[PDB]
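Peer 1: Can you look at this? It's an experimental structure, sequence on top.
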Amino acid sequence: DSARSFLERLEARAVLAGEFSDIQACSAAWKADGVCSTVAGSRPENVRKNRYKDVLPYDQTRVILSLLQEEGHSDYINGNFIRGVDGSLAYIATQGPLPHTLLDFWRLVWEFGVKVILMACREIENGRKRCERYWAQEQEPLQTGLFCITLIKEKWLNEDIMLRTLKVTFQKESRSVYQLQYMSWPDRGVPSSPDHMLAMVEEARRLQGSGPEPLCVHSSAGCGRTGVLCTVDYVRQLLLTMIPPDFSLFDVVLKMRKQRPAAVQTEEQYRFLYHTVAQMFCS
Amino acid sequence: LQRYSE
């Protein structure tokens, strides 16, 4: 019924451009009202840790790193928690690590028991370095600080997605971490295969199994492509789990944008979210 | 190569 009525409301009614422009107004207001601030991200000791000057994590929901803290390590990383459907910390949306934030990225993974990492960008995008390789090659393990990262096996989930089985070691404890990377999803755009994107989410959920640990989700800035993944996964859970009878995609995206800046970056990605959700409900 | 979005 609830999924059904959602499509009815869609059919009763392609703008949408109006709705997303209203999402932008709400964002600008949260910043005017100081309900979303970027104080920790602007600190002079943290600025170099931001990939982009215009993308800072909100103080209210930022990931706070306490691991190695006794050693004098900063609590800071450009990343935010996003709440899941049950109200728990389901996602961590973070930027593509820089050469000097690789260690912080692994502190994050380690401290929060992360099992699955979703990557929605490439290392090199427009002739530009967009993300550092943080995973291991079969042929070179990766070392930052006290962590040793090791590639066990690689395969393709499908033509667009690489599934890497990683081992990470820290102080004699060992954990498996899975990374799924989506290869052909540009910036401000949409993936080449909405179906493959769904499969990525499907596989991430299988690998995640039970357990309260959040999915780690990133792209280059940790905004547009990251926010689309989180939103897709969030709405899938709603369905598998609980779709409200007044269910609104406008409210979901608003909620996301309140936790991670510009989560869902462009009108095009917003329309894409609608097409995807609509398809998902038909089945 | 400095700025992403807004």
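Peer 2: Perfect, I can see it now. Numbering: from 1, shown residues only, chains lettered A, B, ... in the order given.

Peer 1: from here on, contacts and neighbour counts on C-alpha atoms
Peer 2: Fine.

Peer 1: How about the stretch 51-200 of chain A: which residue is closest to chain B?
Peer 2: The nearest approach of the stretch 51-200 of chain A to chain B comes at residue A:52, 5.3 Å away (Cα to the nearest Cα).

Peer 1: tell me which element that residue falls in.
Peer 2: Assigned by DSSP states H and E, residue A:52 belongs to no helix or strand.

Peer 1: what phi and what psi does the backbone show at it?
Peer 2: Here is the backbone geometry of residue A:52 (degrees, to the nearest 10): phi -120, psi 140.

Peer 1: can you pull out the helices in the stretch 101-250 of chain A?
Peer 2: A:102-111, A:194-208, A:224-240, A:249-259 (DSSP state H, counting those that start in this stretch).

Peer 1: Can you add mean neighbour count and distance to residue A:164 and give the ones you listed back as TSV?
Peer 2: Shown next, in TSV, are the helices of the stretch 101-250 of chain A (neighbours: other Cα atoms under 10 Å in any protein chain shown; distance: least, Cα to Cα, whole Å):
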stretch	mean neighbour count	distance to residue A:164
helix A:102-111	20	15
helix A:194-208	17	11
helix A:224-240	22	18
helix A:249-259	18	28
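
Peer 1: Which one of the ones you listed lies nearest to residue A:39?
Peer 2: Between residue A:39 and these, the shortest gap by Cα to Cα is with helix A:249-259, which sits at 14.8 Å.

Peer 1: Tell me what angle that closest one forms with helix A:224-240.
Peer 2: 130 degrees (axes from the mean of the first three to the mean of the last three Cα atoms, to 10 degrees).

Peer 1: Quick check: which of the helices of the stretch 101-250 of chain A is nearest to residue A:8?
Peer 2: helix A:249-259 (13.9 Å).

Peer 1: Does the closest one reach chain B?
Peer 2: No: Helix A:249-259 does not reach chain B (Cα under 8 Å from any Cα of the partner chain); its nearest approach is 13.4 Å.

Peer 1: do stretch A:173-188 as well
Peer 2: No: residues of stretch A:173-188 are not located near chain B by Cα under 8 Å from any Cα, the shortest gap being 9.2 Å.

Peer 1: Tell me which residues are up against that stretch.
Peer 2: With contact meaning Cα atoms under 8 Å, 6 or more residues apart in numbering or on different chains, stretch A:173-188 is reached by A:114-122, A:160-169, A:191-192, A:197, A:200, A:204, A:207, A:224-225, A:265-266, A:268-269.

Peer 1: again, but for stretch A:262-279
Peer 2: Residues from elsewhere that reach stretch A:262-279 (Cα under 8 Å, 6+ apart): A:7, A:16-17, A:20, A:188-190, A:194, A:222-228, A:231-232, A:235, A:249, A:253, A:256-257, B:5.

Peer 1: List the contacts of the residue of the stretch 51-200 of chain A closest to chain B.
Peer 2: A:221, B:1, B:2, B:3, B:4.

Peer 1: how far away is the second one from residue A:13?
Peer 2: So the one you mean is residue B:1. 39 Å (Cα to Cα, to the nearest Å).

Peer 1: again, but for the last one
Peer 2: Between residue B:4 and residue A:13 the distance is 32 Å, computed by Cα to Cα.

Peer 1: Alright, that wraps it up for me.
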